[PDB]
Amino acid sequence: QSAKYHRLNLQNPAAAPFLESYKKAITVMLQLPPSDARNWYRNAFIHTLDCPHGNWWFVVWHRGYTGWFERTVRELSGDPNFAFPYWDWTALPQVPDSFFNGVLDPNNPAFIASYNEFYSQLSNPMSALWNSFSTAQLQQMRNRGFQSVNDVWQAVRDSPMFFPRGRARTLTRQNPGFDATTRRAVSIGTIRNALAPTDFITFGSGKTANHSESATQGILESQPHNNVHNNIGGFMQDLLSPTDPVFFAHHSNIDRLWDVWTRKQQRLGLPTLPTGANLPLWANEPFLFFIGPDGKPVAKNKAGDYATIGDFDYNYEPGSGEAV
């Protein structure tokens, strides 16, 4: 658990400068040309293109994506100590009041206001990106049902995934609280249920052949993760969710709950990952779309590279977890 960087509770007074650094980076990334892969919308589209939902690649893909984006925020904030604070929704079952301030709020006029402007600004860059894809990357797009960039845009338009100014979230500063179901989903009882499994698949959601396929889900994915996404509403209810800065605070917390689970398993001398023939099936899954803090494609392009915190070199201030 020794590490250079420290993911703190966003309610920790020592986290406050990191939330100001996050606002500085968001402003930079909204101002970068969408030819730069660290542009705010370019970053969100990595999620649309490659995120697994409803399978055993859930926690590990999100560990990869959050750790790379953490480096990008560190770089573009000029804050060399930056680490993503976590939203402990078990302790704070509401959108944090701090995420309604400045560019932490995706209704802020610094954000693209309309689908029309979004398409205008991102269409040529996303076509250029498509035209650059390797054989391997085009196979990932085929596995996801995308034959061209315009199939991605059809999904963006028809879902819909983009929300205009005033609708970027459903929850508001005045009424930021979760509904009864989502309050239960983030309750200490449900979190303890989420941590109880003693094998990776039951913890982290069901095995599939490729990470664009849907399977049975674990508690961590199906209850606190999914219910929080949908109760926030707007961007957070669909696959351009990382448009909302709170996405990374939500995922800092999910990743903390994984760290809690791994340490619980280690204490009991039980496996922390899939075992036997399942281990290479899981570890060898291609993750081909991550962007480093220099805006270049990353070398670490398989799920197994992200099994541990590893090179990302962060630890957690302890939060809501198992009964001691």
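A residue's number is simply how far along the shown sequence it sits, counting from 1.
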Mean CA temperature factor from the deposited coordinates, higher in 157 to 165 or in 246 to 254? 157 to 165
Per the record, averaged over C-alpha atoms, which has the higher B-factor: 228 to 236 or 142 to 150? 142 to 150
Comparing C-alpha B-factors across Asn210, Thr182, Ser205, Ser241 in this entry, the winner is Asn210
Taking the values straight from the PDB record, which of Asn39, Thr275, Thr66, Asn55 has the highest C-alpha temperature factor? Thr275
According to the PDB entry, is the CA B factor of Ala25 in the bottom, middle or top third of its chain, that is, lowest, middle or highest? lowest
Going by the CA temperature factor in the PDB record, which third of the chain does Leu288 belong to: lowest, middle or highest? middle
For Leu195, return the chain-relative third of its C-alpha B-factor as stated in the PDB record: lowest, middle or highest. middle
Split into thirds by Cα B-factor across the chain's modelled residues, where does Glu117 land: lowest, middle or highest? highest
Of the three thirds of its chain by CA temperature factor, lowest, middle or highest, which one includes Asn43? lowest
